[PDB]
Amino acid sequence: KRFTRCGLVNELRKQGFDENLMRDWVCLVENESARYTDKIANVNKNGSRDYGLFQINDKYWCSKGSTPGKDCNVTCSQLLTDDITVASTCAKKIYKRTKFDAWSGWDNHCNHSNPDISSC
């Protein structure tokens, strides 16, 4: 599925994402997945891939093989669903550790002001 700018802000708030990080989250998502929940990045230098809305790397976060992953305790295929509850708790887990430094999309397209979320 693909959210609109406001459909996404609505979801993130419902999902409990921290309000003052909101514009950063919106920016990140739009530059990592263009708001698609089922997007799957092309292989990086290291055979790793990025999954779903948050483009979460399969190197340390999700399992490629049927049984619940690594640090996020989930399968990467679970981060491609229309319901993003699982991907969210994981995305939060990642932020708690490496902030947004994990996402190159954020480091590149989110360092000079984000979109304004009120209107949503």
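A residue's number is simply how far along the shown sequence it sits, counting from 1.
Per-stretch averaging of Cα B factors for 40 to 48 and 90 to 98 places 40 to 48 on top.
When the C-alpha B-factors of 103 to 111 and 19 to 27 are averaged, 103 to 111 comes out higher. Remark: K59 belongs to the middle third of its chain, ranked by C-alpha B-factor as recorded. Annotation for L80: CA B-factor lies in the middle third of the chain's modelled residues. Per the PDB record, residue ranking by Cα B-factor puts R5 in the lowest third of the chain.
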